[PDB]
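Trainee: My structure is below; once you've seen it, I'll send some questions.
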Amino acid sequence: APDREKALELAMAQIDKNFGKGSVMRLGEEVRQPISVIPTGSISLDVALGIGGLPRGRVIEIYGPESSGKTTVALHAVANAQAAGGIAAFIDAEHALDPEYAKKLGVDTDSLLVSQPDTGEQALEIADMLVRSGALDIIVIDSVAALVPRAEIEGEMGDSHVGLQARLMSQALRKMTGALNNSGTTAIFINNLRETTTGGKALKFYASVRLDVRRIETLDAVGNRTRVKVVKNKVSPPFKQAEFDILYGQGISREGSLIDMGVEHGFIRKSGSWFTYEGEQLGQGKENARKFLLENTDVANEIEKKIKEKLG
Ligand SMILES: Nc1ncnc2c1ncn2[C@H]1C[C@H](O)[C@@H](COP(=O)(O)OP(=O)(O)OP(=O)(O)O)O1
């Protein structure tokens, strides 16, 4: 009477129907309900996500050390969403955002809404008010840790010291998720690591996608290589990983990506020390090749094409 796979499929079906699609899924599964997504600005990361970018109407947490590339991403996400004619907001509580660099990553700063809250409650509240107006495609909250409660900011005491900030972030997400779904706005929370920062406790359970950003290399001193791990993903098989270069003053390196993904996917052969594409001499050294691809825009484009074809 028992047929495991048939039994298992009925279970999984019932599992998803009780808690939502993605509640449980095989790892090497392969996605085919394409969603709506905001390209991460990193081709590899987008693939790692399984859906070509950050899902819309979802809560995203991008945690990691400082200077590991979180912001560059989130900014790119913003820029992409704008090109698609979407409106963006930045709840800033760190006062660090460099708008000049932002423009360089393609963000139309002038049309970017910026807010600088007086308290964690206010910050979250301001963000909720914006979200449920349905005019936003994306909203970035800088620094989960800066969401310090009012009582704490204001004088208050050594008593009734509490874990108020976490509960602050819980109640907030509790009601701002439903809205995010209806609205369809993607909310990226930037969590600088140094509970994963007190409020990251609740974020951990409310995020549909959680990215673990790390600084790994240091491609002279041009820029540095980042590695992201999709530790949580309720919309595609989780745990995938991606890598990309962010040069100083520049955002995520396109050519860089292409050179990497092109290599691993065989489109560009890499005789040790010398990169070649369809018999073309690309140059010795990822950089001489990055350059090559930067200058001979025509190549790379066909290689971006070929790689895009082979995947999605
Ligand atoms: N204002 C800038 N000037 C020059 N390069 C920058 C600037 N901002 C970002 N970059 C580039 C070079 C940095 O090595 C790379 C990583 O920094 P960032 O992308 O800001 O890291 P991060 O997102 O992990 O920091 P944060 O803790 O604020 O999130 O981005």
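First residue shown is number 1, and so on along the chain.
Including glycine, each Cβ sits where the backbone N, Cα and C put it.
The ATP binding site annotation in Swiss-Prot covers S67, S68, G69, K70, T71, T72, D98, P99, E100, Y101.
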Trainee: Please name the residue among the binding-site residues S67, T71 whose C-beta has the most neighbouring C-beta atoms within 10 angstroms.
Mentor: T71
Trainee: Tell me which binding-site residues (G69, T71, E100) have a Cβ under 6 A from ligand 1; sequence order is fine.
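Mentor: Correct list: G69, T71.
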Trainee: Note that 4 residues are unmodelled after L219 and before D220; then state the distance between the two Cα atoms in Å, as a whole number.
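Mentor: Flanking Cα atoms: 8 Å.
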Trainee: Please check the gap where 10 residues are unmodelled: Cα of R194 to Cα of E195, in angstrom.
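Mentor: Between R194 and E195, the Cα atoms are separated by 11 Å.
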Trainee: So for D98 (ATP binding site), how many other CB atoms are inside 10 Å of its CB?
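Mentor: I get 10 for this one.
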Trainee: Using DSSP and collapsing to three states, where does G69 (ATP binding site) fall: helix, strand or coil?
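Mentor: Assignment for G69 (ATP binding site) reads coil.
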